[PDB]
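Next up is a structure, given as structure tokens.
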Amino acid sequence: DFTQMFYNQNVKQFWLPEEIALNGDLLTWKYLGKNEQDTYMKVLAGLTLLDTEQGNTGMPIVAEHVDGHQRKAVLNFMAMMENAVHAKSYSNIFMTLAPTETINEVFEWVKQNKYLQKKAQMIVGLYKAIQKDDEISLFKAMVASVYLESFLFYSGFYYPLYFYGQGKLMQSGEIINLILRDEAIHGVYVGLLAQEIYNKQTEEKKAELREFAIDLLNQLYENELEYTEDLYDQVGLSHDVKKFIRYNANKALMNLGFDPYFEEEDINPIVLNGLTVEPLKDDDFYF
Amino acid sequence: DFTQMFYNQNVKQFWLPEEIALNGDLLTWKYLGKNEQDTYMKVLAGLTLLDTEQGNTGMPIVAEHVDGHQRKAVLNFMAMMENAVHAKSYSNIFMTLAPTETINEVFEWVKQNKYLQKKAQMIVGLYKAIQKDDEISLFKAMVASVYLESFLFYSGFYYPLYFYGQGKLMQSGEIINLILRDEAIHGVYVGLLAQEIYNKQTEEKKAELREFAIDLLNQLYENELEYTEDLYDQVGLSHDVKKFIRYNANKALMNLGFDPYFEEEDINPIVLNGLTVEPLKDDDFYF
Amino acid sequence: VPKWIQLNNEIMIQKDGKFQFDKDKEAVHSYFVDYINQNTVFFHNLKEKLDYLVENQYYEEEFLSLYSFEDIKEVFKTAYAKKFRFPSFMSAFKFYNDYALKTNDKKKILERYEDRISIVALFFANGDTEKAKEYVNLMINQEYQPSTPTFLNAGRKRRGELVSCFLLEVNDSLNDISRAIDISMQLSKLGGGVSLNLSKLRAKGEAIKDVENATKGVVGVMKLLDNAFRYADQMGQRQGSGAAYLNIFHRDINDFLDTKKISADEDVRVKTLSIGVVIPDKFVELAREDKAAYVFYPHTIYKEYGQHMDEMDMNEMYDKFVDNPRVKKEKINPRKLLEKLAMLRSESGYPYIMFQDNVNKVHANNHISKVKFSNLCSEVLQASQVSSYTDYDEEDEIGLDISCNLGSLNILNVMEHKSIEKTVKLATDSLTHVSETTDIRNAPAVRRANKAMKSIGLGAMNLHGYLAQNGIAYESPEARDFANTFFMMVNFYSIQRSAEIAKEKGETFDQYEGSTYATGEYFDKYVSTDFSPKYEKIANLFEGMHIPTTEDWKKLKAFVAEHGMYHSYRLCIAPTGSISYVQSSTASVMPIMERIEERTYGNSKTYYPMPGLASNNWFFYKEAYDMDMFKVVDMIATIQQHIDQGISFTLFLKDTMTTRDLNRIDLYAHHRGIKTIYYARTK
Amino acid sequence: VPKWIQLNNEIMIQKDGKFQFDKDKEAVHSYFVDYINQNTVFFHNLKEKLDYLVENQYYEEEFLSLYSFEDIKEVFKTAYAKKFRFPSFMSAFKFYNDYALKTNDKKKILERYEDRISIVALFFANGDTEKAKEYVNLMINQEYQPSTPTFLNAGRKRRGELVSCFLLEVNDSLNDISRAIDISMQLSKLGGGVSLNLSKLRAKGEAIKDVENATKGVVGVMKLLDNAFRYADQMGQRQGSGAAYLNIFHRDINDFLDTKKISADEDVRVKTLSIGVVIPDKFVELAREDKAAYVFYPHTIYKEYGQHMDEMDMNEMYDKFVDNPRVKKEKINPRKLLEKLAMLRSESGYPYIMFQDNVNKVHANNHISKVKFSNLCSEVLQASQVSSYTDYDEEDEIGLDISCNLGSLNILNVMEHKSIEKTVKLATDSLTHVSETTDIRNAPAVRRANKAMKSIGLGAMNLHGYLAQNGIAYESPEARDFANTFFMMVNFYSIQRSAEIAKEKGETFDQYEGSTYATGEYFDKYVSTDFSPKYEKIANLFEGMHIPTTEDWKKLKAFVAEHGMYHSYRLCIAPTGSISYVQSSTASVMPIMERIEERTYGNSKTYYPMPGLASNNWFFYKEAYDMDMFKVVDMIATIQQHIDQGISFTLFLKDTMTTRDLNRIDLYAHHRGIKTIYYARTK
Ligand SMILES: Nc1ncnc2c1ncn2[C@@H]1O[C@H](COP(=O)(O)OP(=O)(O)OP(=O)(O)O)[C@@H](O)[C@H]1O
Ligand SMILES: Cc1cn([C@H]2C[C@H](O)[C@@H](COP(=O)(O)OP(=O)(O)OP(=O)(O)O)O2)c(=O)[nH]c1=O
Ligand SMILES: Cc1cn([C@H]2C[C@H](O)[C@@H](COP(=O)(O)OP(=O)(O)OP(=O)(O)O)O2)c(=O)[nH]c1=O
Ligand SMILES: [Mg+2]
Ligand SMILES: [Mg+2]
Ligand SMILES: [Mn+2]
Ligand SMILES: [Mn+2]
Ligand SMILES: [Mn+2]
Ligand SMILES: [Mn+2]
């Protein structure tokens, strides 16, 4: 009921890194404090590392196990965007803002970081556990994918959106907004594929899959809180970032056809600024 | 030395069939004989099948086994083109020119056609035989892919080109030329990757790989002859198409770094004619 | 979760396969004892409470100054002597969340039900202590419920107007359109709903000062009005609600209807403006015969004849308009337009349907004007005259707008107390007082019409509740017999009270002499026909109550001819939604939508069984969506024959029903004399 | 493809390496001989033509009846005696497609250029045949060009208002907002641009009748105004244009600016409303020191002080507002706000920037009021008094709303004829006549201010054309020297004519006694400083013309003190958009945007070289985008020292200029005395 519509929306959102000139960001970058520059670098590396997993494994593995030519084509298109567009875009932002040696060090740090690794390996673990012709294992991986696309990226997206909403780092913020817009539709689409599997299950199996999804969400959420404090306490933003994580967790759940887990909260306004006919038969007139 | 330039070429060649309006072919299509329309539908259906498998299976599987994020990005992009652009374009052509029943019948015809099933069996079999960290199985699949890109498509491409060259079906022909332009660069790129693997081997191993490549080519060739006769005898063109596929077989061999295998012949000249924001500083307030 | 809410939620927990209806009494008792008594401000005596309320700018001191404190104390004792108890949690919750006066911080409760009733009664009595006691007895017995504006705002310093329904005629000129926008904003600022008649505006593509194709049509004015209502959204506490009415023969009818299509472009789409259609019998006749119909350009007709299209008799002037070369018209398919109306109502519930000839064949004030449109609730049907607003420094020709203050009889309580006459007369007195004390100083036509016509709307509620609690099916002929008798009695006593008021004040309403009351044509069916119950079961329901006979109606006719009538319009059955919970009654005369109402208040879900619902009357509490809409139309037509204004008639449709079924229901309602159809609700 | 279009398109076909500029004379000749002479309605004599035009409701007979037919014939002969020829195709095309009178079917040409000029001269003279002949000579020589409204509509029965610029003050009340919407629609209906001051409206989240967080702010009023201007689209040929101005210290300033963001939500976007910001010196001082600033809630200030925030001196009241607890304010970053303004102006060219202190430090009528906002073109700077529109039946307190009728001197033709004094005085007389003949029937404050102030706007055009045709760079010091001398002479002679008119009529403008003209403070710089050209090349351009000296200015000051001044405002430099083509002159005092203007009319494209453009003067016709905006600011500030009103000042920015460059340009304009900045145009 939905693949051709998503095909259309995906291909009409096509874009390339070269379209946005990045050099003018140096005019606001130079005015940020060390903690702001440090947080931005670390967040950016976090997004880059997670998105690479999605391009190399997440999207291609789902495309491999999903049946249907049209679905495979849409999934291929999404994998292409990860590897050919998003990955080049993140690299471009980095090369503009930091010298080569600084980029290498930030990636070394984020590669060793406990909270980034915990979530990256949890997601990758579920992709590696998919078994041929087993729709349960595929569903679990789709849940992981939706959580990455619609939830885990957002502790990271917060900061570029925060600057973008203030008039700072506008070129890289525009790029991030385009990336985020792609991840949103990726999350919705994979969510619909997961619901298709979920709806084929018994009531007991459904309850079991719901417990899986909520348990996974809880593990990721508790690690996100730690990840958030680790990066954002030094710039005083953690409270507001936490509200943004929960709001996006609820969107991820709704993508999977589940009820929201967290109470509704308002979001930081700066980040918001960044973001049956039938005919009468000539007798109906007589009584 | 080459991936970056292929990356740039592939992304700059990006297109969608919807860019080309097809209603202009309606009259030249109406005017063709029943035999001509039948061959044309079947030819494009055979192409659709090849691109379906190249997009679903061939390109993604090669991407999985080839090392390097940039090489993977090129292969992922090529995969997307196969199933999200090329395979779909044929349906755009079918939906314009043919009624639903004729479309349904031709897709049923691909399923039961023995030559088309044989060529798919052979090519996809080699893709699915790739073993992780086994460069020889990968080479064999890359040879198969080059033969699909640079040889097997051409029994199909002949007919749209033959019409384009006579000023007939020129909108459909424009789509086909764009597809052909893509496959030419896809065949070269995969050919270069295959040569990388071949060049690592002993002379004895190389001799075996040439045997594999030539045996496979001959087996595919003999099947393609029967396919060509089956499609083109009713339009009187089988001998002409055979010359064309031999011409392109030599191009496939060359893409693999091998000498031409068939003698040169005169191709129908008709077919040849068918071819920023920055902050305010304190000094900004004084003049 | 609150303890009372947990008790209420036990309603749905089936015990012995039966709903625990007794849990609602426990729920209401817990609600009171744990929240209302705690959060109710304490005052040593009534004198101290009154002083605190007056000084702290909570009450208007003027109306309380007409009574000695002894009389106020007597009235409050009368209200409290009843020891009124809310029978369900939802009644008390609704009262203490919507109407109970709260401190400026909305933290404590300053008024109980008795306090509000006493204040309203003292406001009504206008200095009469015995009259105030009578009003207190009427309201505390819940025989009469003043409309939400009057009930909430009476006697309060920081209050909106007690009248909340206004109808505005718009003349075809920029001055008139701007004045209409200003008046709509002023009236929505007061909290009242505003209905505007756009039939006199020229259609899109008409000439403005001998320049052709200059007019934007009714859709541009609709966008203006929608933005005006959105801006004047009552300080955000209640979004501004307005209604636009267009005659079906207006050329902009298709564009007017398309503003409610979901697929409509945001430029043309109107979001917060309700739309109603006025359908003359000519359109229904054309659709019935499948003949090609014409929609006319109003300005061409005005230039050719000197009158507006909606000011003329369409049934007579349609052929003349079609044959006049100087009148511009557009060919339409009447049946296609009917089907478009049905589909639009199915998708969105719009437009409202006003059957113009049904309204005016019984309209008592056609000499003043025909009824051209209805209000935002589709139950107000009065003569209006368009105003002529001229350029600055010129004199405006002020016409007659429409506004009526509403009150509802509680049918179950009135019948239990056998007090149709007394309740009707007291409600008429209170509505007359509300109309007299109302003065809008920014709507000249509204103020003038209120002063001249003295229009009131006396509604009724709890018809389905009263019938179900008496073992009568809503769709049964016995229910229609009871409705006939009850509303005949209500009309008789409202007419008698209007005549008595006219005699006491020695004054009728403007242009009464030309009305059907003055000529006696109004009473023809009452003097020639009998409306006593035809079923012994229904006749027993009226035991102890005098049912007016033909002789009584002849005497009333003679009395009216001798003394006249004070009110141009008296009766209109408004939807009466919010205060139905407080009264513990079914809304208006409509059948119940659901036996138990599930509501969400905060994060707590509340369960509201239909008032009086139980195991023994479960079958009689049939839901509206399961009833035959033809039988509902029969009921509403039986009631409508005794209402001078309209009845707010909602259609309850199942999702399986096609547009043909909706069209058939509409055509049957038009056949059965229905005046307006309010909403097409689908399940 | 018509022959004249073919000839005109030959302009860009370079022959011998140079443009074929001579093809434009051939293009215009062919255009005339093949289209205009053919499609011109033929009349035997002037009498028959005039009788036909008056009879067919083309020409008003009121102004023509003041002259004996001999006088009209003499005036028409005077117009035709010049044998005026359009020098380029574009001028004649513009005249005969926009201003030439055409039959009601728009198929034939009733008016030639001479006929239109004679009709305008007869309208101006008001019965004076010699005055009419002087006007005919002035306009046929193209020394003075009446504004598009006056030029097009003068003497026409169907004509709209001859005034097209309107400024309205909006008071903080629903009555005033409704009246503002009505007046805006009424004035747009007349085709005039309407500018509103929203600084008095309370900010979003302010209380209405002790009800907090009820006000919707200036953005809801802006949505209402946008819808009103969209509805009054003036037949749709020219969409309704309105501008809203807000003080930078208003609380809603950020929301006010967000309405123009492309990313803004559609429910907040205001498509048809231009926005200007009023920036006091206090804001620039706060941004320069990087100090944290506050935006105030206007109603809190009004309640605390009994006067509006925009009626007070922010440079004196900002600290008091900040230190006053009863005043509500929220913190902002002045530099962040300036950067946001620059970004918004780059993206959309909005908002207009008005430097309030630059305007009011030279304002002559501060006693009447300070200049609080500007018009839709950003050059009207006059004192305004807000009106108090009360309830219906309550008398309104009519204030002063700004309006001025426009005229432009042709600098090149005025200098060639050496007729600065005579041209200025005749233009002042014509503007005074237009002002005296204007009577707005639905804008009480506009009409009252027109009667009391008698404000006129006399602009100039062809500054860049004149300079380029004389070997002077626009940015060069000699260009500024010429502009200084010329506009000083223009101001001198306009003041002399105003004083002479006051002496002849015996009356001055209302509240003239408190103006700086009356006290002599206006003439301080003119009596102390000599404004004669400092360059021999510039001084030679004025040879044959008497340049007023300090003694002449002393005499004029004494004369004004004796007799007063008839006009509160005399000089304003409007954009002069489409009428510049008819005059074959560059637009206003701005530098040219392109050397050759390529435009597509119908399906054929046309090329318009800048007037007088040739190989010799090609380099002097430097385009604005290639110009140093600092030198343009210097030139405009040089001119502005002799203009009592503002100057429409468009900023021409290259795509490579950052927001910092725009901010620096605005800061330099504020530093140099620039009153307003109109548009940020990017190449
Ligand atoms: N450039 C122009 N601008 C305005 N009117 C023009 C122009 N060219 C021609 N006309 C009008 O067209 C008429 C015919 O033009 P044309 O050049 O053929 O005239 P002519 O017989 O040579 O003499 P004259 O120039 O005195 O009219 C002119 O008299 C004038 O009325
Ligand atoms: C001024 C104006 C009017 N209208 C419509 C609304 C009015 O119902 C209708 C008449 O406008 P009027 O205000 O009556 O204009 P008018 O009286 O000067 O012209 P006429 O003599 O023809 O009556 O035109 C527009 O649609 N857009 C406009 O801009
Ligand atoms: C009535 C109304 C006013 N307003 C705004 C517009 C006006 O500028 C402002 C004042 O409204 P007013 O019409 O002046 O209300 P008021 O004078 O009765 O109350 P107060 O004396 O406290 O001001 O409120 C709204 O935003 N929405 C509304 O519905
Ligand atoms: Mg009119
Ligand atoms: Mg007020
Ligand atoms: Mn990505
Ligand atoms: Mn993604
Ligand atoms: Mn392909
Ligand atoms: Mn390929």
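These residue numbers are counts, starting from 1, taken along the chain as shown.
If you're wondering, the header gives electron microscopy, 3.8 Å.
Cβ coordinates come from backbone N, Cα and C, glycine included.
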Quick check on the annotation: Swiss-Prot has B:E149, B:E183, B:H186 binding Fe cation 2, so which of B:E82, B:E101, B:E263, B:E264 does it put in that site too?
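For the Fe cation 2 site that includes B:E149, B:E183, B:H186, Swiss-Prot also lists B:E82.
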Looking at the Fe cation 1 binding annotation from Swiss-Prot, with B:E82, B:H86 already listed, which candidate in B:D38, B:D51 is the matching residue?
B:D51
Would you please pick out, from the binding-site residues B:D51, B:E82, B:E149, the one with the fewest other Cβ atoms within 10 Å of its Cβ?
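The binding-site residues B:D51, B:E82, B:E149 were compared, and B:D51 has the fewest Cβ atoms within 10 Å.
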Cα within 10 Å of B:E149 (Fe cation 2 binding site) is the criterion; apply it to the recorded positions B:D51, B:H86, B:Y90 and give the hits in sequence order.
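Cα filter at 10 Å returns B:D51.
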Would you list the other residues of this chain near Fe cation 2 - those whose C-beta lies within 8 angstroms of the C-beta centroid of B:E82, B:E149, B:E183, B:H186 - in sequence order?
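Close Cβ neighbours, site residues excluded: B:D51, B:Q54, B:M78, B:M81, B:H86, B:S145, B:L148, B:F153, B:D182, B:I185, B:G187, B:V190.
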Taking the 20-residue hole in the deposited chain, the Cα-Cα distance from B:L275 to B:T276 is how many Å?
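What separates the two Cα atoms is a distance of 45 Å.
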Between B:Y90 (active site) and B:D51 (Fe cation 1 binding site), how far is it from one CA atom to the other, in Å?
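Spelling it out, the Cα of B:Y90 (active site) and the Cα of B:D51 (Fe cation 1 binding site) are 10 Å apart.
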Within 10 Å of the Cβ of B:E183 (Fe cation 2 binding site), how many other Cβ atoms can be counted across all chains shown?
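Counting Cβ neighbours of B:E183 (Fe cation 2 binding site) within 10 Å gives 25.
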Going through the recorded positions B:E82, B:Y90, B:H186 in sequence order, which have a CB under 6 Å from an atom of ligand 8?
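B:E82, by Cβ distance under 6 Å.
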Could you name the residues, excluding B:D51, B:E82, B:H86, of the same chain that surround the Fe cation 1 site, i.e. Cβ within 8 Å of the Cβ centre of those residues, in sequence order?
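The answer, listed by sequence position, is B:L50, B:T52, B:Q54, B:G55, B:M81, B:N83, B:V85, B:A87, B:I179.
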If you count, for each of the binding-site residues B:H86, B:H186, the other Cβ atoms lying within 10 Å of its Cβ, which residue has the minimum?
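Sparsest of the binding-site residues B:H86, B:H186 by Cβ contacts within 10 Å: B:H86.
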At the Cα level, what's the spacing in Å between B:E82 (Fe cation 1 binding site) and B:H186 (Fe cation 2 binding site), rounded?
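With the alpha carbons as reference points, the distance is 10 Å.
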Cα of B:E183 (Fe cation 2 binding site) to Cα of B:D51 (Fe cation 1 binding site): how many Å, rounded?
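Cα of B:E183 (Fe cation 2 binding site) to Cα of B:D51 (Fe cation 1 binding site) measures 10 Å after rounding.
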If the criterion is a C-beta within less than 6 angstroms of any ligand 9 atom, which of the recorded positions B:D51, B:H86, B:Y90, B:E149, B:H186 pass it? List them in sequence order.
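With ligand 9 as the reference and 6 Å as the Cβ limit, the list reads B:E149, B:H186.
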At the Cα level, what's the spacing in Å between B:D51 (Fe cation 1 binding site) and B:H186 (Fe cation 2 binding site), rounded?
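Rounded to a whole number, the Cα-Cα distance is 12 Å.
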